[PDB]
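What follows is one structure encoded as structure tokens, with my remarks underneath.
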Amino acid sequence: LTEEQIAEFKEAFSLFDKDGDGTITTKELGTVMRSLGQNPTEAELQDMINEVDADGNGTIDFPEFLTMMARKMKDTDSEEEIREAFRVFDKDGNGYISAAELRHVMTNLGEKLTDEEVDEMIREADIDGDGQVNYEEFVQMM
Ligand SMILES: [Ba+2]
Ligand SMILES: [Ba+2]
Ligand SMILES: [Ca+2]
Ligand SMILES: [Ca+2]
Ligand SMILES: [Ca+2]
């Protein structure tokens, strides 16, 4: 949405477009991915291309890249904001939000709850039944 921003996304695109022809092919996406220790199959690479390839011509060009890369940024943004929230709630940072941790954090906001009420909250979120709220469950609740 800004000329600086459009240029930033160009540079990102340039790493994928290895031969500089304005398109990213499956192989070029394959070359890049295998530079990052991911070894995806030929059909996995076609799927990733198809997802972004809006006009179905088989490759991704800069406009299509731009569109994808913004959404990825707008999704990775919020996912970090949900992790940091989860971390403020997960007091001992072990990966699971407990009744005591929820009660304790809610209290320091102001919302002083009972053990019954905090159990109900945890139950309302505890999809996997482990008696605690993990990240997956935390994100669905929000
Ligand atoms: Ba086009
Ligand atoms: Ba295309
Ligand atoms: Ca290319
Ligand atoms: Ca915990
Ligand atoms: Ca759980």
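For trypsin sites (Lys or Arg not before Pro), the sites in the range 3-63 that DSSP calls loop and that have at most 14 other Cβ atoms within 10 Å are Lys18. Spin-label model, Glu3/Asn50: points 7 Å from Cα along the beta carbon direction are separated by 4.0 nm. For the chain, the 222 nm mean residue ellipticity estimated from helices alone, with every DSSP H stretch of n ≥ 4 adding -39500 (n - 2.57) and the total spread over all residues, rounds to -20500 deg cm²/dmol.
In terms of its Cα atoms, the range 1-75 spans 36, 28, 25 Å along the principal axes, sorted from long to short. In loop segments of the range 71-110 as defined by DSSP, the trypsin sites (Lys or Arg not before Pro) with at most 14 further C-beta atoms inside 10 Å of their C-beta are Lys91.
Annotation for the range 7-21 versus the range 36-84: alpha-carbon center distance of 14 Å. Here the Karplus relation 6.51 cos²θ - 1.76 cosθ + 1.60, evaluated at θ = phi - 60°, turns the backbone of the range 85-98 into coupling constants of 4, 3, 5, 5, 7, 7, 5, 9, x, 8, x, 9, 7, 9 Hz, with x for every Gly and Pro.
Any idea what % of Cα-Cα pairs in the chain are farther than 18 Å? Let's see the in-between values first.
Details: 6721 of 10011 pairs.
So the pairs more than 18 Å apart make up 67 percent of the total in the chain.
Karplus-derived 3J(HN,Hα) values for the range 104-112, using 6.51 cos²θ - 1.76 cosθ + 1.60 with θ = phi - 60°, are 5, 5, 4, 4, 5, 6, x, 4, 6 Hz; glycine and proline are entered as x.
Reconstructed Cβ throughout: ideal geometry from the backbone, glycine too, with neighbour counts over all protein chains shown. We did not get these values from a lab; they are worked out from the coordinates using the rules stated.
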